[PDB]
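One structure is given here, and the rest of the page talks about it.
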Amino acid sequence: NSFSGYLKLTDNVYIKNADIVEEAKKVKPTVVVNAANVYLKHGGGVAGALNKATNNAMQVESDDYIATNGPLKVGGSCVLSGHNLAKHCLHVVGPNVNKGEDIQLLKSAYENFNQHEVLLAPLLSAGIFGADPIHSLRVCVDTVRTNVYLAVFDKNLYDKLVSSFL
Ligand SMILES: O=C(O)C1=C(c2ccc3ncsc3c2)CCC1
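First residue of the sequence shown: 4, per the authors' numbering; consecutive thereafter.
Quick look at the structure:
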């Protein structure tokens with residue numbers, strides 16, 4: 004949990020312009036959050052990047068989880084191994100608003116972070132999920148009460164978030 008170069012947004016939310024995969028390799032946090040889907044198929048975005056950094060070990064493990072437990076629900080989560088990136092990976096499903104999934108579920112997705120004291124995480128429902136990233140940061144700030152270190156890869160997006168926030 005040796006986080007460096009973050010800007011403190013609120014008492015418990017920090018932000019950095021960084022690749023979450025590289026942050027995970029440097030820090031080796033207790034928990035890294037994955038922006039997952041209900042079947043834990045890590046095909047792109049943060050999910051594909053995190054899976055790729057474990058050389059597909061996260062996917063093989065996720066397939067076994069789904070066969071034994073069934074899919075997650077939108078707004079839900081599960082804890083699996085963090086492999087070489089972290090002690091644990093908290094897979095969290097935010098709503099895919101481009102597929103008509105309710106934005107009210109973005110609050111439920113962020114509530115999952117509260118079961119862990121410190122997390123390294125991406126913004127939820129950003130990218131292909133289609134939610135407004137600045138709105139996603141507002142829900143995170145209103146909902147998360149534990150210590151969250153947000154990593155945002157795209158510098159144009161990071162700059163828009165920091166500008167809107169401070
Ligand atoms: O820039 C980001 O914060 C965002 C994404 C992303 C995509 C690929 C990727 N590979 C390594 S870190 C990473 C983040 C998807 C949407 C938001």
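Just so you know, even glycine gets a beta-carbon here, dropped at the ideal spot from N, CA and C.
Those residues which DSSP pairs with residue i across a bridge
i	result
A154	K19
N37	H94
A56	Answer is none; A56 lacks a bridge partner.
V82	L93
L75	Beta-bridge pairing links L75 to no other residue.
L122	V151
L10	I18
Given residue i as reference, the closest of the options once Cα atoms are compared
i	options	result
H45	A134, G79, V95 and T149	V95
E104	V34, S128, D157 and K28	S128
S5	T33, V147, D22 and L12	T33
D22	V147, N40 and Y9	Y9
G97	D162, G85, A50 and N54	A50
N117	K19, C143, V100 and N40	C143
residue 1	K55, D145, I137 and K102	Within the shown structure, residues of the chain are numbered from 4 to 169, placing residue 1 beyond reach of any answer.
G48	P125, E25, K163 and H119	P125
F168	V63, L140 and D66	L140
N37	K31, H91, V30 and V63	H91
- Query: Three or more C-beta pairs closer than 8 Å, one from the segment 68-78 and one from the segment 131-146: is that the case here?
  - Reply: no
- Listed in chain order, which residues are found with a beta carbon closer than 6 Å to a heavy atom of ligand 1? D22, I23, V24, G48, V49, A52, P125, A129, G130, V155, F156, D157 and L160
- Decide if the segment 13-31 is in contact with the segment 146-162; the criterion is three or more beta carbon pairs, one per stretch, under 8 Å apart. yes
- Message: Whether or not the segment 99-113 and the segment 55-70 are in contact is what I'm after, with contact meaning three or more pairs of Cβ atoms, one per stretch, closer than 8 Å; do they touch?
- Response: no
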